[PDB]
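Data first, discussion second: the structure below is written as C-alpha cells.
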Amino acid sequence: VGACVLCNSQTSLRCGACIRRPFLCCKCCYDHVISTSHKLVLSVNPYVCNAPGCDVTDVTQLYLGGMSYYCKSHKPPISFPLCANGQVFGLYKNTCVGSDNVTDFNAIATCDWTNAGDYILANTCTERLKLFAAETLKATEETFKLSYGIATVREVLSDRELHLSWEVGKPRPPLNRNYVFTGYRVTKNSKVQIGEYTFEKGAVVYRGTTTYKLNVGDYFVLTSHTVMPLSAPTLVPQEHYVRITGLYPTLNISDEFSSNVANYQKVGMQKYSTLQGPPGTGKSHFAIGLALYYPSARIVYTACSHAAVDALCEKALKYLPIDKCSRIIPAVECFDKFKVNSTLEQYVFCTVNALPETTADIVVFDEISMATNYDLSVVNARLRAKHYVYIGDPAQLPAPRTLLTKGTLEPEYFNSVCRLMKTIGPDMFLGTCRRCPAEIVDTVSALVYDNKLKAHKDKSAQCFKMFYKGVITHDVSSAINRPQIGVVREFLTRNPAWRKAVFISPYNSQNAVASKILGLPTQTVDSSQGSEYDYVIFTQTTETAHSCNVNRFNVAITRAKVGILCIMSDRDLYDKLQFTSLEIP
Amino acid sequence: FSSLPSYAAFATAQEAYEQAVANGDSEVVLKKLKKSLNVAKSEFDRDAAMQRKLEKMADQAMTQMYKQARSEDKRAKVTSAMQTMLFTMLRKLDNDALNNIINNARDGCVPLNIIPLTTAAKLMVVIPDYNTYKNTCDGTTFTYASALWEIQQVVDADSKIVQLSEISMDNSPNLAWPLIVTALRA
Amino acid sequence: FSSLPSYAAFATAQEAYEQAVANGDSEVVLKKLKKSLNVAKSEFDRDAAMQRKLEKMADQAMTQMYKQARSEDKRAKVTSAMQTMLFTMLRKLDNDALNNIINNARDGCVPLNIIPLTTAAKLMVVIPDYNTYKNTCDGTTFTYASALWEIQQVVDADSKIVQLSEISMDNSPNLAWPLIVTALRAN
Amino acid sequence: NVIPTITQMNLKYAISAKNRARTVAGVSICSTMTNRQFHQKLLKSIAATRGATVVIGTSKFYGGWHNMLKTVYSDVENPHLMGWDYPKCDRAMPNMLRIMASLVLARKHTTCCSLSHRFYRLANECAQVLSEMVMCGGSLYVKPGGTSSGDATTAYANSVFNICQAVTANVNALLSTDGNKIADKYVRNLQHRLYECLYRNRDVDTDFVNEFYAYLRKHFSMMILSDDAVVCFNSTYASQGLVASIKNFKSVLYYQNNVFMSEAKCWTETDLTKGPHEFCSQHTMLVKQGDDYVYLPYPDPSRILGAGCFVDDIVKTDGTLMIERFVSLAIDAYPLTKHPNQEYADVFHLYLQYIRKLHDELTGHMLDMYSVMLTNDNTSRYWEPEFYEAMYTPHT
RNA sequence: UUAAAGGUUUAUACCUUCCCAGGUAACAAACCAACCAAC
Ligand SMILES: [Zn+2]
Ligand SMILES: [Zn+2]
Ligand SMILES: [Zn+2]
Ligand SMILES: [Zn+2]
C-alpha cells in the first residue's frame with residue numbers, strides 16, 4: 001500500500017520488473033506496462049498465475065478467477081482480465097489521477113545508467129522522480145558491484161604485496177582507490193570480515209586500514225549495502241525571511257571571522273543557503289564561524305565521506321569547545337577526540353549514512369561537490385533544521401559515476417544544490433583564495449569561476465607549463481606516460497629543489513610508475529581534493545576527457561601553495577594555463 | 001444492467017409486443033413477435049448474468065484483498081501501537097503514584113531496579129542534576145512513588161561516596177552529576 | 001471452437017440461408033433451407049458438447065498427476081533426510097565402550113536406560129539452588145553412577161559462563177538458578 | 001512387535017481462570033496411524049449414536065441439550081441430580097485402570113484378529129501411550145504413568161474410566177450395608193448373589209450381570225462425557241445405602257485413585273427442574289419457547305467477556321477484519337437473554353450492538369478507502385436475534 | 001344448406017413423447033479456506 005510516484009494517488013500496485021518496485025496508480029501502472037517490457041506488477045500478493053506449474057506472469061495475460069490469478073488455459077469459467085479499461089485492476093481503483101505522459105518514468109526505469117542523458121533527466125525530472133531515479137541508480141550501482149569476480153589470496157609475496165587469483169567468468173574491477181575491497185577469512189562453516197582494503201598493480205600492492213599477517217585463503221569482495229527507499233526531497237522548498245529567525249547573533253566577533261559576518265546574517269535570512277568556496281578560501285572556516293557567530297545554535301555538521309567530517313572536527317577542536325562537540329561513528333579510523341555516539345550535545349559531526357533522526361538550528365553540509373541526490377534526500381529525512389548551509393564547489397570533483405560510459409556529467413547535473421549553484425548562482429561566494437599563487441588563481445578564475453576568484457598571494461614565478469605529448473601506454477584500467485616521467489626526471493635533475501614537490505596525476509598506474517622512478521609522493525586528483533602542498537608536479541598523461549576535465553584540472557592545479565609544473569598533453573588547457581612556458585630538453 | 005445492447009434489443013421486442021397487443025393483429029403474426037422476443041431475453045438474462053456475478057466477484061475478492069493488506073501491515077507496527085496504547089491507558093488511569101514516577105522518568109529520575117513494596121528493601125534512584133534533587137530530596141527523606149525513603153548513601157558517577165549535606169546550589173558544579181541515591185523504605 | 005470440421009457446415013448453411021432469404025424466393029423452397037440450418041445447429045451441439053466438456057477433465061487430470069509427482073519427489077527428499085540423519089547420529093556412538101558392555105549380555109539384550117549411564121562421555125546437571133548444589137556438585141570434581149566426573153563449564157539460565165568461585169551462599173541470589181553444569185568422565 | 005515412540009511436551013497458549021501452565025502431548029505419527037486404523041471404526045459408531053449413556057459426538061444445539069436431560073431423567077423414581085469432578089483425572093489414573101480401558105475397547109475384535117494380535121496391539125498401546133518417554137525441553141524423561149492427552153483415544157478412555165468408577169462405587173456401597181435392616185427381599189437376594197458372584201465364582205455369570213445392569217439402569221442413571229458426569233439417582237435407595245452416595249464415591253476414589261476429592265469438585269441438586277448445576281462449563285436454565293418448556297445452556301458471562309476483551313494474535317485486536325468471531329460468540333451467549341438477571345442479557349445486547357458497530361465501521365472504511373459498496377442484505381441478520389433463536393430451536 | 005364413407009402426400013394449427021443446448025431455483029455431496037465453542 002503506497003502512493004503513485006507519478007500521481008501520489010494512493011495505490012498498492014508496484015511494478016515487479018522495476019528493481020525499486022515503485023508504487024504506481026492504476027492508470028500510471030497500465031501505461032508503464034503497456035509502453036515498456038515491464039510486464040510484472042506486484043501487489044500485497046504478486047499478480048502471477050496461481051496454476052501449479054505455470055510460468056505466466058504478464059499481467060496483460062492474467063485473469064482474476066475465484067480469489068486468485070490464472071492464465072487463459074488455467075482460468076475458471078468466471079473471470080475478468082486485470083489489465084483492462086486502460087488500467088490494471090488493483091486496490092484504490094476509483095481514487096486515481098493518471099499521467100498525461102510517462103516518458104520520463106519509463107526512461108528512468110528502463111535506462112542502464114550509462115548515458116549522460118540519464119543523469120541529466122534524473123537531475124531535471126520531478127522531485128518524486130528525482131528520488132526514484134536516485135534509488136534506481138544507487139541500486140543499479142550496488143548490483144553492478146556484485147557482477148565483479150572474487151579476488152583470492154593465492155600467494156603472499158611480501159608485506160603490502162600480494163598475489164591474487166580471480167574467479168573465472170566474471171570481470172575484474174579496476175584496481176584503484178575508487179574500488180574499496182573487504183577481506184574475508186576462511187572459517188569452519190561461515191566467513192568473517194577482516195576489514196576494508198584497496199588494491200593497485202604491483203603481483204598486487206594492497207593498502208589496508210589495519211595491518212595483519214593475512215595468508216592464503218583470505219579473499220576480497222567489494223562490499224555492497226542495502227539501498228533504502230527515499231521519501232524526503234533533495235531540497236526542502238525555499239523560504240526567504242525579513243529577519244534572522246531561530247538565531248541570535250553574538251554581539252562580539254573576532255576579525256578572523258569578520259569578513260563572513262554579513263554572509264552569516266544571510267544564513268539566518270533564508271531557509272537554506274548555498275555557498276561556493278574555491279580551494280583555499282576557508283570553507284571550514286566559514287562553517288565554524290557560523291557556529292561562533294550563533295553560539296547558542298544547534299548545529300549538525302555532515303558530509304558523505306569521513307574525511308570531510310574529520311576536517312570539520314579538526315577545525316572545531318581549534319575554535320569550538322571540546323565538551324559541546326561529538327562525533328557519531330557507526331558500529332574505519334576517524335576523528336576520535338570528541339565524545340562518540342552522543343546526539344543531544346550542541347554540535348554533532350556525522351556522516352550522511354549514519355545521521356540520526358534529530359532536529360537542529362543549523363545543518364552544515366560540507367563539500368557539496370561529492371554529494372548525490374540520494375545524500376540530499378537522506379540528509380533532509382534525518383535532519384529537521386531551521387537553516388541549511390550547503391558548502392562546496394561545483395567547479396571541483398563530483399562523486400565518481402562508475403556506470404557512466406557515454407557522455408560527460410556537467411557540474412549543473414551533479415546534484416540539486418549544484419544545479420541551483422550553476423543555474424541561479426550560489427547564495428554566498430568566497431572570492432578570496434589564500435592558498436594558490438596568483439597565476440593559479442587567475443587561471444582557475446578564468447576557467448571555472450567566471451573571473452570572480454581573487455588571489456590573496458602575489459605571483460610566485462614558480463608556476464611552469466610544458467607542452468609534451470610523450471608516449472601513452474595503457475594497462476588494464478589506467479594509463480601511463482613514461483616520457484612525461486622522463487621529462488620530470490630531467491627537470492628534477494636541473495631543479496633539485498623541486499624534489500620537495502608532490503606528484504599528482506589523473507591515473508593510478510601513472511602515480512605508481514612516478515613513485516617507482518622519481519621517489520616523490522604520488523596523488524590522484526580525486527584523492528587530492530581537500531589537500532594542499534607547497535610544490536606540485538602534474539602530468540596529464542593523456543588528452544582524454546577524464547584528464548581534460550575542467551573541474552579535475554582545476555582541483556589538480558589548485559593543490560600548489562608556491563609552485564607547480566604542468567607537463568601537459570592537451571593544447572587547449574595548456575594555452576589556458578597562465579604559467580611560464582618551458583622548452584623540452 | 002441498463003447500459004447494454006441487449007437491453008435495447010429487449011426494449012425493441014417489448015415495444016413491438018405492446019403494439020401487437022394493443023392492436024390485436026393475428027395469432028401467428030404476434031407469435032413471431034414472441035418467437036423472437038423470449039429469445040431476446042434468453043440472450044439478455046444471460047449476458048446480464050455472468051457480468052452481474054463478476055461485479056460481486058471483484059467485490060468479494062478486493063475486500064479480502066483489503067483485509068490481507070490490513071492484516072499484513074497491522075502486525076508490522078505493533079511495537080509502537082502497543083506502547084502508545086499503553087501510555088494512553090496510563091494517562092487515563094490518573095493515579096498520583098504512577099503520575100509522580102512517570103514525570104520523574106520524563107525529566108530526570110529513573111530507578112536502577114524494581115521498586116520494592118516491603119518497608120525494608122532498598123532502592124537506587126539516579127538524579128541527573130540538582131534541580132530534580134530540590135523537588136525530590138529534602139534532607140534525609142526521599143519522596144518517590146508517593147512514598148518516603150530514608151537516605152543512607154549518595155554517590156557520584158565515578159564511584160566516590162559523597163555525604164548528604166555536601167550538596168547545595170553553588171557547590172553543586174563539583175561532582176559527577178548522574179548521582180545514585182540509595183534509600184530504604186519507611 | 002472454430003477450427004472444428006463443422007464450422008464449415010455453419011458457414012455454408014448460414015451463407016445459403018441468408019442468400020436465399022435476401023433473394024426471398026418462397027416459403028416452399030425456404031422450408032428445406034430453414035431445416036438444413038436447423039439440423040446444422042444441432043450438429044454443432046453434438047460435436048461441441050463432445051469437446052468443451054473434455055478440457056475440464058483433461059485439465060484436472062493434469063493437475064492431479066502434477067501434484068502426485070510433487071508428492072513423490074517429496075517422498076525421496078524425506079527418505080534422503082531420514083537416512084542421513086540416522087547415519088550422522090550413529091557416528092557419535094563411541095563404538096568401543098558400548099561393545100564391552102553388549103558382549104557381556106547373555107543374549108545381547110541390555111536395558112536402554114543404562115547405555116547413557118555407562119557409555120556416555122559427557123554429563124550435564126541442572127541445579128535449582130545452591131543448597132542442592134553443595135550436596136551433588138561441590139568442588140572441582142565429584143562422583144555419580146559409580147564414576148568420577150570432572151567439571152569444565154558452568155552456565156546459568158541466560159547461557160552465560162559462570163565461574164566456580166562465583167557460586168557462594170551470599171553471591172547466589174545474583175544468579176539465575178536453573179544452573180547448568182557440564183562434566184566429563186574422568187579416567 | 002513393539003514400537004516405542006517419543007511424545008513431545010507442548011506448552012499451551014490459551015485463556016484460563018487459574019494461573020496453571022496446562023500442557024499437551026504431541027504424540028508421534030506411528031502411534032497415530034496404527035491406532036487410527038483400529039479405533040477409527042471402533043469410535044465412529046460411538047460418536048454417531050444417540051440416546052446412550054456416553055453422549056460424546058452429540059451437539060447441544062437444535063434442542064440437543066434438552067434431549068440429553070430428558071434421557072437422563074428416564075424413569076427415575078425419586079429423582080435427584082449429582083455431579084463430581086476428579087481432582088487430577090489425567091495425571092493420577094492408576095496403570096491398571098488404563099489397561100482396563102484399553103482392553104474393554106479392544107473387546108470388539110473377537111473376529112478380525114487372533115489372540116496374540118490383540119495382545120501385541122495392547123502391548124504397543126501401553127508402550128507408546130502409558131509408560132513411554134517424553135521429551136521436555138530437549139531431554140528425555142520416563143513417564144511413570146497417567147494418560148497422554150493427545151492420543152486418538154483419550155476422551156473415550158476417560159469415559160470408560162468414569163463408568164468404571166461409578167459402578168465400583170455402587171457395588172462398594174451396596175456391600176457395605178448391614179443386610180439385616182434391608183427391607184426388600186429382591187434387593188437382599190441381589191446382595192447375596194452379588195457377594196457369591198464376586199468372591200465365590202471363578203467364571204462369568206451372564207444372567208446376574210444382565211440383571212445388575214438392569215438394576216443400575218433403573219435406579220442409577222448416568223450421562224458421561226470424557227471425565228465429566230451427570231447422574232440422576234433415587235433418593236430412597238441412596239438414603240438406605242442401596243445405591244452409592246457422595247460418601248461411597250469419595251471413599252472409592254480414595255482407595256483406588258490415590259487422591260482425595262473435596263466438596264468444591266462435587267455438587268448435588270434436589271430440584272430436577274433446575275437442571276444440573278454445571279456440565280462442560282455450561283449452566284442450565286429452564287425457559288419457555290413455542291408453547292413448550294426446554295432447558296437452554298448458558299455460559300459464564302465472565303468467560304464470554306474475557307474472550308471479547310482479550311485475544312490470541314495481534315491481528316485479532318481489530319474487530320473489523322473478523323466479525324464472525326463476534327457472531328459465534330453471540331450464538332454462544334444468546335441464551336443469556338432469558339436469564340432473570342439483567343446483566344447477563346445485557347452482555348448479549350452489548351455483543352449485538354458491537355457487531356453492528358463493527359459492520360458499520362468496516363463499511364465506512366471500505367467505502368472511504370474503495371469507492372464501491374458491498375454491504376449486502378444478509379449481513380443485517382448478524383445483529384438480529386432470530387438468527388440466534390433458530391440455532392437452539394429443535395428442528396435441525 | 002350441400003349423399004356418405006374410404007384413400008394418399010403436402011401446408012397450417014393444436015396436443016403428446018423423446019432428444020438436444022440456454023437460464024433460473026432447489027437439494028445433496030465433496031474439497032478447500034478462515035473462525036469460534038467444549039474437554
Ligand atoms: Zn499515477
Ligand atoms: Zn517497471
Ligand atoms: Zn497458468
Ligand atoms: Zn482386529
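Following the order of the C-alpha cells, first chain is A, next is B, and so on, with residues numbered from 1 inside each chain and ligands from 1 in the order they appear.
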Original post:
So which residues touch residue B:104 within 10 Å, counting only C-alpha atoms (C1' of nucleotides), skipping near sequence neighbours fewer than 6 positions away, as an MDAnalysis selection string?
Top reply: chainID B and resid 98 110:111 127 132 135:136 144:145
**OP:** Collect all residues with atoms no farther than 6 Å from ligand 1, counting only C-alpha atoms (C1' of nucleotides) and all ligand atoms, and output them as a ChimeraX atom specification.
**Re:** /A:4,6-7,24-25,27-28,97-99
Please save C-alpha atoms of the selected residues as a PDB file, in the first residue's frame.
ATOM      1  CA  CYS A   4       1.855   6.762  -7.033  1.00  0.00           C
ATOM      2  CA  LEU A   6       3.705   9.995 -10.750  1.00  0.00           C
ATOM      3  CA  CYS A   7       0.325  10.925  -9.220  1.00  0.00           C
ATOM      4  CA  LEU A  24       2.065   3.037  -9.354  1.00  0.00           C
ATOM      5  CA  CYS A  25      -1.571   4.059  -9.711  1.00  0.00           C
ATOM      6  CA  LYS A  27      -3.580   4.415 -14.941  1.00  0.00           C
ATOM      7  CA  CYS A  28       0.149   5.015 -14.458  1.00  0.00           C
ATOM      8  CA  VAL A  97      -5.493  10.514 -11.418  1.00  0.00           C
ATOM      9  CA  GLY A  98      -3.198   9.142 -14.118  1.00  0.00           C
ATOM     10  CA  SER A  99      -0.463  10.901 -16.045  1.00  0.00           C
TER      11      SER A  99
END
Enumerate residues in contact with ligand 2: an atom-to-atom distance of at most 6 Å, counting only C-alpha atoms (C1' of nucleotides) and all ligand atoms. Format the result as a CSV table (one decimal) with N, CA and C atoms, in the first residue's frame.
chain,number,residue,atom,x,y,z
A,15,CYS,N,5.4,-2.1,-9.7
A,15,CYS,CA,5.9,-2.8,-10.9
A,15,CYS,C,6.9,-3.8,-10.4
A,17,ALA,N,8.9,-5.7,-12.5
A,17,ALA,CA,10.1,-5.7,-13.2
A,17,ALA,C,11.1,-4.6,-12.8
A,18,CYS,N,10.5,-3.5,-12.2
A,18,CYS,CA,11.4,-2.5,-11.7
A,18,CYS,C,12.2,-3.0,-10.5
A,38,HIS,N,8.3,-4.0,-19.0
A,38,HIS,CA,8.0,-4.4,-17.6
A,38,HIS,C,6.5,-4.9,-17.6
A,109,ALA,N,13.2,4.1,-15.6
A,109,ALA,CA,13.1,2.7,-15.2
A,109,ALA,C,13.7,1.7,-16.2
Subject >> Close residues to ligand 4 using only C-alpha atoms (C1' of nucleotides) and all ligand atoms, limit 12 Å, as an NGL selection string >> reply: :D and (34-35 or 37-42 or 105-122)
**OP:** Show me which bits of chain D are within 12 Å of chain A, counting only C-alpha atoms, as a VMD selection string.
**Re:** chain D and resid 366 to 372
Create the file for the chosen residues now, containing N, CA, C and O atoms and written as a compact mmCIF listing (two decimals), in the first residue's frame.
# COMPACT_ATOMS: atom_id res chain seq x y z
N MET D 366 -14.17 0.68 4.10
CA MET D 366 -14.04 0.17 2.74
C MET D 366 -14.57 1.18 1.73
O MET D 366 -13.96 1.40 0.68
N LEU D 367 -15.71 1.81 2.03
CA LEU D 367 -16.28 2.78 1.10
C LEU D 367 -15.39 4.01 0.96
O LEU D 367 -15.19 4.52 -0.14
N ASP D 368 -14.86 4.52 2.08
CA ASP D 368 -13.96 5.66 2.01
C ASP D 368 -12.66 5.31 1.29
O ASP D 368 -12.14 6.13 0.51
N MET D 369 -12.14 4.11 1.55
CA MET D 369 -10.87 3.65 1.02
C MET D 369 -11.03 3.06 -0.38
O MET D 369 -10.10 3.09 -1.20
N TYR D 370 -12.20 2.45 -0.67
CA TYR D 370 -12.56 1.95 -2.02
C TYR D 370 -14.00 2.37 -2.34
O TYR D 370 -14.96 1.84 -1.78
N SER D 371 -14.15 3.28 -3.31
CA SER D 371 -15.48 3.86 -3.52
C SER D 371 -16.42 2.87 -4.20
O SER D 371 -16.97 3.16 -5.26
N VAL D 372 -16.63 1.71 -3.57
CA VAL D 372 -17.60 0.72 -4.02
C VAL D 372 -18.34 0.21 -2.78
O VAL D 372 -17.81 0.29 -1.67
Surroundings of ligand 3 up to 12 Å, based on only C-alpha atoms (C1' of nucleotides) and all ligand atoms, as a PDB file with N, CA, C and O atoms, in the first residue's frame:
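The file below, selection_3.pdb, is the result:
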ATOM      1  N   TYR A  47       0.905 -10.445  -8.692  1.00  0.00           N
ATOM      2  CA  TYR A  47      -0.013 -10.716  -9.798  1.00  0.00           C
ATOM      3  C   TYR A  47       0.633 -11.763 -10.698  1.00  0.00           C
ATOM      4  O   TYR A  47       1.273 -11.461 -11.709  1.00  0.00           O
ATOM      5  N   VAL A  48       0.464 -13.024 -10.310  1.00  0.00           N
ATOM      6  CA  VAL A  48       1.037 -14.147 -11.036  1.00  0.00           C
ATOM      7  C   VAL A  48       0.016 -15.273 -11.057  1.00  0.00           C
ATOM      8  O   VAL A  48      -0.806 -15.410 -10.146  1.00  0.00           O
ATOM      9  N   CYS A  49       0.058 -16.066 -12.124  1.00  0.00           N
ATOM     10  CA  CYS A  49      -0.860 -17.183 -12.287  1.00  0.00           C
ATOM     11  C   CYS A  49      -0.720 -18.146 -11.115  1.00  0.00           C
ATOM     12  O   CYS A  49       0.396 -18.495 -10.722  1.00  0.00           O
ATOM     13  N   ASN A  50      -1.851 -18.568 -10.553  1.00  0.00           N
ATOM     14  CA  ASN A  50      -1.861 -19.483  -9.422  1.00  0.00           C
ATOM     15  C   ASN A  50      -1.929 -20.937  -9.892  1.00  0.00           C
ATOM     16  O   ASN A  50      -2.252 -21.832  -9.108  1.00  0.00           O
ATOM     17  N   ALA A  51      -1.664 -21.187 -11.169  1.00  0.00           N
ATOM     18  CA  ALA A  51      -1.691 -22.547 -11.663  1.00  0.00           C
ATOM     19  C   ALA A  51      -0.458 -23.312 -11.193  1.00  0.00           C
ATOM     20  O   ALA A  51       0.660 -22.792 -11.224  1.00  0.00           O
ATOM     21  N   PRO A  52      -0.638 -24.554 -10.756  1.00  0.00           N
ATOM     22  CA  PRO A  52       0.520 -25.373 -10.385  1.00  0.00           C
ATOM     23  C   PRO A  52       1.370 -25.732 -11.592  1.00  0.00           C
ATOM     24  O   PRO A  52       0.925 -26.466 -12.480  1.00  0.00           O
ATOM     25  N   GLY A  53       2.596 -25.217 -11.634  1.00  0.00           N
ATOM     26  CA  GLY A  53       3.492 -25.498 -12.740  1.00  0.00           C
ATOM     27  C   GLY A  53       3.335 -24.599 -13.947  1.00  0.00           C
ATOM     28  O   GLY A  53       3.723 -24.990 -15.052  1.00  0.00           O
ATOM     29  N   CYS A  54       2.784 -23.404 -13.772  1.00  0.00           N
ATOM     30  CA  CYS A  54       2.671 -22.432 -14.849  1.00  0.00           C
ATOM     31  C   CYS A  54       3.678 -21.309 -14.645  1.00  0.00           C
ATOM     32  O   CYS A  54       4.105 -21.032 -13.521  1.00  0.00           O
ATOM     33  N   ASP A  55       4.061 -20.665 -15.747  1.00  0.00           N
ATOM     34  CA  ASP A  55       5.070 -19.616 -15.721  1.00  0.00           C
ATOM     35  C   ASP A  55       4.551 -18.256 -16.168  1.00  0.00           C
ATOM     36  O   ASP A  55       5.351 -17.326 -16.315  1.00  0.00           O
ATOM     37  N   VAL A  56       3.246 -18.107 -16.383  1.00  0.00           N
ATOM     38  CA  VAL A  56       2.714 -16.844 -16.883  1.00  0.00           C
ATOM     39  C   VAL A  56       2.768 -15.802 -15.774  1.00  0.00           C
ATOM     40  O   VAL A  56       2.224 -16.003 -14.682  1.00  0.00           O
ATOM     41  N   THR A  57       3.427 -14.679 -16.056  1.00  0.00           N
ATOM     42  CA  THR A  57       3.497 -13.559 -15.131  1.00  0.00           C
ATOM     43  C   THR A  57       3.157 -12.228 -15.787  1.00  0.00           C
ATOM     44  O   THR A  57       3.217 -11.191 -15.116  1.00  0.00           O
ATOM     45  N   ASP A  58       2.812 -12.222 -17.072  1.00  0.00           N
ATOM     46  CA  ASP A  58       2.408 -10.993 -17.740  1.00  0.00           C
ATOM     47  C   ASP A  58       1.001 -10.620 -17.291  1.00  0.00           C
ATOM     48  O   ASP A  58       0.044 -11.355 -17.554  1.00  0.00           O
ATOM     49  N   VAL A  59       0.879  -9.476 -16.615  1.00  0.00           N
ATOM     50  CA  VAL A  59      -0.413  -9.076 -16.068  1.00  0.00           C
ATOM     51  C   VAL A  59      -1.435  -8.881 -17.178  1.00  0.00           C
ATOM     52  O   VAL A  59      -2.638  -9.077 -16.966  1.00  0.00           O
ATOM     53  N   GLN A  61      -1.922 -10.843 -19.462  1.00  0.00           N
ATOM     54  CA  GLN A  61      -2.377 -12.176 -19.831  1.00  0.00           C
ATOM     55  C   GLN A  61      -3.014 -12.916 -18.660  1.00  0.00           C
ATOM     56  O   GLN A  61      -3.158 -14.140 -18.711  1.00  0.00           O
ATOM     57  N   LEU A  62      -3.406 -12.199 -17.611  1.00  0.00           N
ATOM     58  CA  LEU A  62      -3.877 -12.818 -16.383  1.00  0.00           C
ATOM     59  C   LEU A  62      -5.315 -12.406 -16.105  1.00  0.00           C
ATOM     60  O   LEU A  62      -5.765 -11.325 -16.493  1.00  0.00           O
ATOM     61  N   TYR A  63      -6.034 -13.296 -15.424  1.00  0.00           N
ATOM     62  CA  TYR A  63      -7.442 -13.116 -15.111  1.00  0.00           C
ATOM     63  C   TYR A  63      -7.680 -13.440 -13.647  1.00  0.00           C
ATOM     64  O   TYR A  63      -7.065 -14.358 -13.098  1.00  0.00           O
ATOM     65  N   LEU A  64      -8.587 -12.692 -13.029  1.00  0.00           N
ATOM     66  CA  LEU A  64      -8.942 -12.894 -11.631  1.00  0.00           C
ATOM     67  C   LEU A  64     -10.008 -13.982 -11.569  1.00  0.00           C
ATOM     68  O   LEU A  64     -11.176 -13.735 -11.880  1.00  0.00           O
ATOM     69  N   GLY A  65      -9.596 -15.188 -11.191  1.00  0.00           N
ATOM     70  CA  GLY A  65     -10.514 -16.301 -11.065  1.00  0.00           C
ATOM     71  C   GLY A  65     -10.624 -16.805  -9.641  1.00  0.00           C
ATOM     72  O   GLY A  65      -9.605 -17.009  -8.975  1.00  0.00           O
ATOM     73  N   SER A  68      -7.995 -15.859  -6.886  1.00  0.00           N
ATOM     74  CA  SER A  68      -6.609 -15.978  -7.297  1.00  0.00           C
ATOM     75  C   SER A  68      -6.459 -15.485  -8.726  1.00  0.00           C
ATOM     76  O   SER A  68      -7.399 -14.957  -9.326  1.00  0.00           O
ATOM     77  N   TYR A  69      -5.259 -15.660  -9.266  1.00  0.00           N
ATOM     78  CA  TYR A  69      -4.916 -15.200 -10.603  1.00  0.00           C
ATOM     79  C   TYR A  69      -4.540 -16.388 -11.476  1.00  0.00           C
ATOM     80  O   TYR A  69      -3.837 -17.300 -11.028  1.00  0.00           O
ATOM     81  N   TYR A  70      -5.011 -16.382 -12.722  1.00  0.00           N
ATOM     82  CA  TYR A  70      -4.794 -17.515 -13.611  1.00  0.00           C
ATOM     83  C   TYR A  70      -4.530 -17.038 -15.031  1.00  0.00           C
ATOM     84  O   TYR A  70      -4.912 -15.931 -15.415  1.00  0.00           O
ATOM     85  N   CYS A  71      -3.866 -17.892 -15.807  1.00  0.00           N
ATOM     86  CA  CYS A  71      -3.710 -17.655 -17.232  1.00  0.00           C
ATOM     87  C   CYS A  71      -4.959 -18.132 -17.974  1.00  0.00           C
ATOM     88  O   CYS A  71      -5.903 -18.662 -17.380  1.00  0.00           O
ATOM     89  N   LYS A  72      -4.964 -17.936 -19.296  1.00  0.00           N
ATOM     90  CA  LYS A  72      -6.136 -18.298 -20.092  1.00  0.00           C
ATOM     91  C   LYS A  72      -6.435 -19.787 -20.002  1.00  0.00           C
ATOM     92  O   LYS A  72      -7.597 -20.185 -19.851  1.00  0.00           O
ATOM     93  N   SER A  73      -5.403 -20.627 -20.096  1.00  0.00           N
ATOM     94  CA  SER A  73      -5.609 -22.067 -20.017  1.00  0.00           C
ATOM     95  C   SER A  73      -6.123 -22.490 -18.648  1.00  0.00           C
ATOM     96  O   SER A  73      -7.001 -23.355 -18.555  1.00  0.00           O
ATOM     97  N   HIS A  74      -5.600 -21.890 -17.579  1.00  0.00           N
ATOM     98  CA  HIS A  74      -5.917 -22.295 -16.217  1.00  0.00           C
ATOM     99  C   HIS A  74      -7.026 -21.453 -15.603  1.00  0.00           C
ATOM    100  O   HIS A  74      -7.238 -21.508 -14.387  1.00  0.00           O
ATOM    101  N   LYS A  75      -7.734 -20.676 -16.409  1.00  0.00           N
ATOM    102  CA  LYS A  75      -8.681 -19.872 -15.655  1.00  0.00           C
ATOM    103  C   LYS A  75     -10.000 -20.614 -15.470  1.00  0.00           C
ATOM    104  O   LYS A  75     -10.396 -21.420 -16.319  1.00  0.00           O
ATOM    105  N   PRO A  76     -10.683 -20.365 -14.358  1.00  0.00           N
ATOM    106  CA  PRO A  76     -12.047 -20.860 -14.193  1.00  0.00           C
ATOM    107  C   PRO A  76     -12.992 -20.113 -15.114  1.00  0.00           C
ATOM    108  O   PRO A  76     -12.636 -19.048 -15.640  1.00  0.00           O
TER     109      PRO A  76
ATOM    110  N   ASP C  59      -7.730 -31.041 -17.897  1.00  0.00           N
ATOM    111  CA  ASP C  59      -7.015 -30.103 -17.035  1.00  0.00           C
ATOM    112  C   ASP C  59      -6.894 -30.644 -15.616  1.00  0.00           C
ATOM    113  O   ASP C  59      -5.830 -30.545 -14.989  1.00  0.00           O
ATOM    114  N   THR C  63      -3.517 -31.490 -13.426  1.00  0.00           N
ATOM    115  CA  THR C  63      -3.221 -31.014 -12.080  1.00  0.00           C
ATOM    116  C   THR C  63      -2.987 -32.177 -11.126  1.00  0.00           C
ATOM    117  O   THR C  63      -2.083 -32.128 -10.278  1.00  0.00           O
TER     118      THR C  63
END
Subject >> Selection near residue C:12, 12 Å with only C-alpha atoms (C1' of nucleotides), sequence-local residues under 5 positions removed, as a list in words >> reply: residues 6, 7, 17, 18, 19, 33, 36, 37 and 40 of chain C
Just-selected residues, N, CA and C atoms written as a compact mmCIF listing (two decimals), in the first residue's frame:
# COMPACT_ATOMS: atom_id res chain seq x y z
N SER C 6 -17.09 -28.80 -38.36
CA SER C 6 -18.46 -28.37 -38.64
C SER C 6 -18.58 -26.86 -38.83
N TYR C 7 -17.53 -26.10 -38.51
CA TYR C 7 -17.60 -24.66 -38.72
C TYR C 7 -17.86 -24.35 -40.19
N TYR C 17 -28.55 -19.74 -46.42
CA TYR C 17 -29.79 -19.29 -45.80
C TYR C 17 -30.00 -17.80 -46.00
N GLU C 18 -28.99 -16.99 -45.67
CA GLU C 18 -29.13 -15.55 -45.83
C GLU C 18 -29.18 -15.15 -47.30
N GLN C 19 -28.46 -15.85 -48.17
CA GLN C 19 -28.51 -15.54 -49.59
C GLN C 19 -29.91 -15.72 -50.15
N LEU C 33 -34.42 -24.98 -46.61
CA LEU C 33 -33.35 -24.11 -46.16
C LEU C 33 -33.35 -23.91 -44.65
N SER C 36 -32.30 -27.23 -42.96
CA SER C 36 -30.88 -27.56 -43.04
C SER C 36 -30.09 -26.86 -41.95
N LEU C 37 -30.30 -25.55 -41.78
CA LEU C 37 -29.64 -24.84 -40.68
C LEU C 37 -30.16 -25.31 -39.33
N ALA C 40 -28.21 -28.28 -38.69
CA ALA C 40 -26.84 -27.85 -38.53
C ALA C 40 -26.54 -27.31 -37.14
